[PDB]
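here is my input, please return the structure:
(chains A, B, C, D, E, F and G, ligands or ions: 5)
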Amino acid sequence: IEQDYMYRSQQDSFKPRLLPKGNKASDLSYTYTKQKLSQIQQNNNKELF
Amino acid sequence: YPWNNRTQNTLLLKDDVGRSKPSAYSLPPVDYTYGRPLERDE
Amino acid sequence: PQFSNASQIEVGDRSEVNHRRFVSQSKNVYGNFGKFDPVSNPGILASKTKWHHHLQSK
Amino acid sequence: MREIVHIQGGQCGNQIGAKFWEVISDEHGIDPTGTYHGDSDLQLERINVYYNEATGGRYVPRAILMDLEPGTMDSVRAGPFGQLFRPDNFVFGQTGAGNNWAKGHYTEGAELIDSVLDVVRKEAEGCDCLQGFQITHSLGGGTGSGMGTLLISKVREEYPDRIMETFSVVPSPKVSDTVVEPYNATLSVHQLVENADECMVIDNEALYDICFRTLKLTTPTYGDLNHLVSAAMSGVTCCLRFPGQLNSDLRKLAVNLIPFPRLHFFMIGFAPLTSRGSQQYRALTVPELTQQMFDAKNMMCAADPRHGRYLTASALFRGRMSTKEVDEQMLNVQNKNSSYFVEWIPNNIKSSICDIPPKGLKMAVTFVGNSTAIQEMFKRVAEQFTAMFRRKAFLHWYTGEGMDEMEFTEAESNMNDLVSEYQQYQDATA
Amino acid sequence: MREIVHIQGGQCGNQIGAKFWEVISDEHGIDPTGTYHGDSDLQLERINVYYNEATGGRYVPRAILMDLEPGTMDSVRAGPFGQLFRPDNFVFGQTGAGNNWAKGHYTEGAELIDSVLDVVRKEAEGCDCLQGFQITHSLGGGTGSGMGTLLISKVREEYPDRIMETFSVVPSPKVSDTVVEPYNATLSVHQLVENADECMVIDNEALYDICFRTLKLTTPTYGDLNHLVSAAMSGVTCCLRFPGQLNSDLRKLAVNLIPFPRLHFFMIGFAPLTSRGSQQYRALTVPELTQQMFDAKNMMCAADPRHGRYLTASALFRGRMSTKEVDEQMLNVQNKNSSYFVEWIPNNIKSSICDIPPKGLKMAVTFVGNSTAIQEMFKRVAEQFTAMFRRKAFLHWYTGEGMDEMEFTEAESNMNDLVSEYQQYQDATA
Amino acid sequence: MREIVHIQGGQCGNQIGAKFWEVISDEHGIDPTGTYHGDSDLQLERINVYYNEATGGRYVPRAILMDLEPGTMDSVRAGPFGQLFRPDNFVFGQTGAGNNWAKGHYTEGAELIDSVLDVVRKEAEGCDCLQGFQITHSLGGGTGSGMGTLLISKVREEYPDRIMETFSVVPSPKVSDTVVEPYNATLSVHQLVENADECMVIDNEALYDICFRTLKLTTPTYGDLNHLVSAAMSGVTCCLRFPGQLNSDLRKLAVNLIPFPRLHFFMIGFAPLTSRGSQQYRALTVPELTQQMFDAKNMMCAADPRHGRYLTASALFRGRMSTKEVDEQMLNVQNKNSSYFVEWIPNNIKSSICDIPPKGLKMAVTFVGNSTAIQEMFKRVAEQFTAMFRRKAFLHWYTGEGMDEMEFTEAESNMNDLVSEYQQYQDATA
Amino acid sequence: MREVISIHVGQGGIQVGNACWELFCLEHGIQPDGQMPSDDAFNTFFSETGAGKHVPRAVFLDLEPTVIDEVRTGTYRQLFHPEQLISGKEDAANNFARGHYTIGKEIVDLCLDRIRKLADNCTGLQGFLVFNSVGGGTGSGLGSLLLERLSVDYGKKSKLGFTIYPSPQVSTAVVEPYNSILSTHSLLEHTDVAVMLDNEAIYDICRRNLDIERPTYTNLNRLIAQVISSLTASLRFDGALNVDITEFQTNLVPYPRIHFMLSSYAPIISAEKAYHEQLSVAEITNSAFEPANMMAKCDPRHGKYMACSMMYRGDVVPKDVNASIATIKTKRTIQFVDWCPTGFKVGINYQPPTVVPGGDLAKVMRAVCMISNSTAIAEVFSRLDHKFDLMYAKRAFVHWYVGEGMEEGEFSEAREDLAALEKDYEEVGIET
Ligand SMILES: Nc1nc2c(ncn2[C@@H]2O[C@H](COP(=O)(O)OP(=O)(O)OP(=O)(O)O)[C@@H](O)[C@H]2O)c(=O)[nH]1
Ligand SMILES: Nc1nc2c(ncn2[C@@H]2O[C@H](COP(=O)(O)OP(=O)(O)O)[C@@H](O)[C@H]2O)c(=O)[nH]1
Ligand SMILES: Nc1nc2c(ncn2[C@@H]2O[C@H](COP(=O)(O)OP(=O)(O)O)[C@@H](O)[C@H]2O)c(=O)[nH]1
Ligand SMILES: Nc1nc2c(ncn2[C@@H]2O[C@H](COP(=O)(O)OP(=O)(O)O)[C@@H](O)[C@H]2O)c(=O)[nH]1
Ligand SMILES: [Mg+2]
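Numbers count the residues shown, from 1 in each chain, chains lettered A, B, ... in the order given. Ligands and ions are numbered 1, 2, ... in the order given. Sure, the structure comes next:
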């Protein structure tokens, strides 16, 4: 009984972690936005050969 | 975690035995003097 | 056949979560004292009171 | 504190008790291994009313299982939630009673009764401040109706002050199981009237009618009737086990329900009861709860409340609600149906509120009513009993075991006196 | 100017697409020969959204038709308005799927999608600024559910920023005509939630429900059901093609209806709907339209929205009216049904006005609602899947093309997680 | 604008209501096609009271039709003025009640009233401001008395403040055409006293008597009787639709005419009634009108008011006249017949004037009276009830489908109490 | 330097007392744990622990632990001294005999031990406050015992009893008339002043003024605490006209037998968003005299007034009260006994009434509390006498009392004590 209560007490203290971060196509669009917005400046940076 | 006589919720869950009754509210830390002080006249 | 009593009358509908099931009226009504910025605008007080009463009832 | 012990007797009593203990364990968050699984801290606040502390934190009920046949105990133990009970409380005979009131009250009871008295007195001395006794039995059998009432009489003898209430499943005439039902039922009524402080009668016909009409289930079993009885019975101690606006323990009910000491037979009912295919809509408010409470067909007895006048009534509200509405609804019911209430008892309805609703419900109501309609169920049993005593058949087995017709003659006269004095107050005017 | 392309697959998708283009052509006054017939210049101001420009002053739709069996394309050509479609846009297989998800998604779908992906890539480049994609297919069929969901995966990979909308028809357990529909339905659902930005559920049971009772026509046919979907399909994108007091495109609706990206399953309904012998008797007004819009039986899904909570809702009014009728009624319906709307998002309803009514009507409303009550149809489908999968019935066909049981296991977990996520957000309080 | 809705049930309600809508449409100048072709502007000022306008300019009555069989609904649709009623307002079953109260109130009535209650609810909230309800049904029949009284109870718990009227065709033993009248007559009366605010009883024998003697018609038909009842109905709400000197609506009638809550049964009459061949030989003056409306044989009930004392009466004059005669004649008839008016209430007659009389008439009067002479209908019905209930004849049909003799006793008991109290004030003195 | 001790007995007294101590800490800035965050008015109701927290001057009595441990586990566990929360073992169960002769004597000794332990600490006692609901066993049985014992322990010390008499028609018990009659005889000569606080009137005020269709016991206690706060506000706050506790019962009591009061409070303003109104003194006084506004179901127009005490708190000027009082006298519906030409006593306090955050009432600059003595108070005694008449006629529920230390006698003189009391009101109000 003591071990049962130890296990339940240690397992019951963890729960309030939700942080909705589902990203399946939203992540793809987000990466596309970063890529274009960050790489336009880098495109207007290269030195000619 | 209030299992039986383990952690402070209320005296009913305490039901302490053996030596004394456990601390309940907060109590002063270690060695506070209890009561109205005296012996002052300026 | 199913052995023993095998009751299925299911008096409670269940599948309903009541987070405030064990909150007594004597406990909750007398000790909220939540928010209530000491503002002098009657409208703010009235809106806050309506929201507080809605939260208490629900 | 103010704890109550449980002693269940007979097959009917054990069937009631198993489901009752399952219901209580579910309410208080206890697994069939006696390990706490509650979520709120109010669940262990008053667990000591029914439960005790064992080493390691295991909780065990104060139930005493007693009968004459081992077939009930070895089945209730093999069933679910049977591990809570201590085997020391498992006491039973080996010869049976044969549903014979004389046999189970005179012959084999005299020597088996010592062990059950020893265990019940051990439990009573173990508990700190006893409040009352509860016993579940039936008057249609022999071992129950006889042995239980003998035990009740003597435990009253050593505890004349503590209250004591019992639940009785009185036999019904339309669905009869035993040919000797009038005999032992009359004997149990005679031995119980002066011993039980409170008595609650349950009709199996009424349970069938309720389950057929409002539950709309085509196939009922003994589990469902036991479930209804267990719910209605556990609703009584709600304010005793949980905080409420107006707590009202068993002693409070006794004062407000019994006007005269010989009138303590009650009918009970429960609400709400929705169908299994109930749509998800609205919520239960007070007016529908009280309407279904005072509905006559909701009563758990074959006696029709509209056939008589209510001496008094009691309502046990479960849930979180205000107090004005329940009082004005009781006053509205009284003003609407004053013809069903005797007029020399103004405001003859008691109300109580408990702040912990049954799990899975928003609101619930328990009804206990002392009405003058129980005279019919006494009258029909008496008519059967006199007809089945004039024959003087099946009488030789009863008389050949130490008794004779004197007890029957004095019992029928006493029970007739009960009906006469019970109708006297119904016909009395202010 | 923010045009969209149309893609339709499967037998059901082709019939929905065949009748949908008839409604749009009539709305913009295009004859079966592809020549303009309209009266006002407003019908030509935004013609480029759906029709490309061809020589001679004729228009051709930018719709790609796909199937695994060419018999469907022979039928769609011989129907009315069948000459508008460009013959190059037909891409077809010569084998068929045979109501098998595996065959249409691994063997035949993979080898054929190279051709169709080239066509849709060519169509997208032609436009100056793409707005999005819309898909019409059935989730119970083989080619529609199998290859249709794989094309969505490929298109999403190469066009991330664009929005995708799917009018999906899932089979209901009441009107069931395919034994193996539970397998290919759940497999597509897991794939659909991964990539599709918007999903709109349609049930043949609900379409039959509307026809029998609302329109009161004795013998409906598949043409009647296709007409209801086509009316709703054109309504959602109306304001993008016509001016109005308040503008709204597909992206705007997606922003105001999707709080979390995994919750993108909506239900649609169309109003008004009147019988032939009842048009002379009903007065068309905004209060009448709003009352029918939230009617539970008016939805095109088997899910009953009164069993859950509307997370968000949207309304697109078509016709000429003042904003007071719109704004006041949406406020009124939210106040009277505060129990059917979740509390932590106040004012969770969106209104739009377009001043061009349909032909023969003076007012029309298209409704798109996001509700947690849609989880129950997923539960019913998953209920039938687990009943069949434990016995591994009809499994050797699905394992015959290399797909293994772990994908079957993966489908159950992801489907259950989606159902659980709906339940969590319904039972939440501030 | 304080509009009223109409509900008609049973065969009587359908026939009376159909004839009623003919008179009102004629009064308001509405053709059977629903297009206005009236004469004066006064006919449109308050047309919203009885009619709803649909798009296109046609007016449709706001009436609900009730029956358990399509036998009478098809005829009224095929008859004249049958195109006015909206087809969505026709609700019916397929089994019928068969002159059984319980069938229309417990088994078939309960399952069917869910649909019709939706129609009434939609009709009520659609209009701006309710004024009340008016009911036309029969108490000696199955579907009219059974389902009819159930809906009165159902709508009462939803609209507790709105007024409600009934035009009840109670049976008379002289016209004996049903052998089960006393059973379902008492039950309907018992339910009608707690919910209906105003009841106006009608008898066929009284109506037949008026036709033979006053109109001197050699052979009448239900068409003639239905017109006389419809004439009284329109006269009650005359001031609610047209300008006048002393307007009086339905609520003003109840306040003046109901001294006590349980005294709300009235007897009505109409004047002037004149034979065809002797119309031009007599003058139309207020002294002539007031002489006939107090005639004991002019009212629609077989009871003789000269066997009791009036508590309160009301007269609703119509047309152009002088208030001096109206006030003087009422005082004159109240003094010369002081023995027929109860003393402890002074000036127990109310008068009202409306300027617009019915088409083709100069002046008309509707008389509504509250007299103790209505106890004869309840006394005679109760006598037949107990004469048949004593032997329990014709009883198994009721008790075989969920009815019990308990509420037969309750219904008879309450009605008998109503009789005792209703004639109590006849002997009461100040 | 001035102190008052409050005693709570029974569930009715405990619950109403919980609201009062919530109110008092808010007025004086005391946190729920008792620690001052971030003078000496609190000395009337609190005693300093020496450094830091404060302790209320109260003791809680009941025969059931259900209410007491709820306080010990609620949000106010941090405040009370652990031994003033006296808890019993078994309840009286609406049985006056049990609370007076069976189980009340094992706890009354403990209470008086704690009673003296609070009186000796203080020095300037003015009077005792006791709260109880008369329609119960332990509420009335212990209250009668405490008053009788305290009568000989202290003698001339003032005592205030805010009893809650049963409503004319609504009630929660069925044998509550028995307890009310017996206890009334005990407190007819043991308490200096008592007030009528039946439940129906408080329901009517909540339904009408607050416009609340959902009133429960929480709302009623909040209204009662407001009367208490206004009643003792002159003791701890500076006012234009200070009036003490001993200033009350020397002015409101013509003869020692007649000392029953009734209360009224105004204005009762809901918590809405309107501009409200200034609520001048002249109009708030008119509402205080409204027969429907009285906190007891007593019709003052059915009798004659004897004396009236009115308390104003806010920024009320003495001239406004004097003008308002004169207008009230001219009104015909309000009349006084001939042998009492002057019958008004007024007290004015500067401190405005406080508002509980989350409560129902709103903030107002003016308020009035009324305590009056009228001949009409004889009507409540008559109705309970008739109710108790139909009870004792057939001797119902009597055997429960008889078997628990009561004999048949006490119901006899309890009748005659009220009959004598009723006759006293009739003869006082007659014209000279
Ligand atoms: N105003 C108010 N009155 C209450 C409250 N609780 C109980 N009462 C009154 O108390 C009366 C009945 O007494 P009980 O509730 O039984 O309390 P008691 O008198 O101490 O008796 P016990 O229950 O044995 O403790 C009722 O008539 C109520 O009027 C409350 O919270 N507020
Ligand atoms: N409600 C209910 N009735 C029961 C149950 N078990 C038995 N009965 C009734 O009890 C009657 C027989 O009682 P019996 O077994 O002779 O009682 P015993 O002699 O004390 O065991 C039968 O008519 C049954 O209807 C039960 O679990 N619930
Ligand atoms: N609403 C609608 N449903 C259709 C239509 N045609 C077929 N269906 C449904 O689609 C199901 C068969 O799908 P199927 O043709 O095998 O899909 P496919 O394999 O992708 O072509 C049937 O159960 C029909 O109910 C249509 O025109 N409209
Ligand atoms: N005045 C009048 N009475 C009618 C008419 N139709 C039926 N009745 C009377 O109604 C009684 C029969 O009622 P019934 O139609 O069977 O009631 P239901 O079955 O509930 O609809 C008969 O005695 C008729 O006299 C009508 O058009 N006018
Ligand atoms: Mg108590």
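
what are the ranges of the strands in chain B?
When assigned using DSSP state E, chain B turns out to have no strands.

and it, which residues reach chain A?
Proximity of chain B to chain A (CB under 8 Å from any CB of the partner chain) is limited to residues B:1, B:3. Any C-beta I mention is one placed from the backbone N, CA and C, and that applies to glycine too.

please confirm that residue D:358 is located within a strand.
No - read with DSSP: H, G, I helix; E, B strand; the rest coil, residue D:358 is coil and lies in no strand.

how about it: what's its closest non-neighbour residue?
Leaving aside its chain neighbours, residue D:358 sits nearest to residue D:364 (5.0 Å; criterion: CB to CB, 6 or more residues apart in numbering or on different chains).

tell me what the helix ranked longest in chain D is packed against?
Criterion DSSP state H: the longest helix present in chain D is helix D:405-427. Counting contacts by 3 or more CB pairs under 8 Å, 6 or more residues apart in numbering or on different chains; DSSP states H and E, helix D:405-427 packs against helix D:181-193, helix D:374-390.

show me the contact partners of the shortest one.
Around helix D:181-193, the neighbours that count as contacts under CB atoms under 8 Å, 6 or more residues apart in numbering or on different chains are D:99-101, D:105, D:139-142, D:145-146, D:148-150, D:152-153, D:166, D:168, D:170-171, D:199, D:262, D:378, D:381-382, D:384-385, D:388-389, D:394, D:398, D:407-408, D:410-412, D:414-415, D:418.

of those, buried ones?
The neighbour-count criterion (16 or more other CB atoms under 10 Å in any protein chain shown) marks D:99-101, D:105, D:139-142, D:145-146, D:148-150, D:152, D:166, D:168, D:170-171, D:199, D:378, D:381-382, D:384-385, D:388-389, D:398, D:408, D:411-412, D:415, D:418 among the contacts of helix D:181-193 as buried.

ligand 2 next: which of those residues are close?
Filtering these for proximity to ligand 2 by CB under 6 Å from any ligand atom leaves D:99, D:140-142.

restricting to those residues, which residues neighbour chain C?
Okay, of these, nothing touches chain C (CB under 8 Å from any CB).

tell me which residue in the stretch 51-200 of chain G sits closest to chain B.
Relative to chain B, the nearest point of the stretch 51-200 of chain G is residue G:73 (4.9 Å; CB to the nearest CB).

you'd agree that residue is up against residue B:14?
No - contact criterion CB atoms under 8 Å: residue G:73 and residue B:14 do not qualify, at 11.8 Å.

mind listing the shared neighbours of these two?
In contact with both residue G:73 and residue B:14: no residue, using CB under 8 Å, 6+ apart.

quick one on the thing from earlier: three-state assignment of the residue nearest to residue D:358?
Assigned with three-state DSSP, residue D:364 falls in the strand class.

ok, now which ones touch it?
Per CB under 8 Å, 6+ apart, neighbours of residue D:364: D:235, D:270-272, D:317-319, D:357-358.

list the beta-bridge partners for it.
residue D:318 (DSSP bridges).

measure it to residue D:272 for me?
Residue D:364 is 7 Å from residue D:272, where distance means CB to CB, to the nearest Å.

surely residue G:339 touches residue G:429?
No - between residue G:339 and residue G:429 there is no contact under CB under 8 Å: 10.3 Å.

pull out the buried positions in stretch C:8-16.
Neighbour counts over stretch C:8-16 (16+ other CB under 10 Å) mark C:9, C:11-12 as buried.
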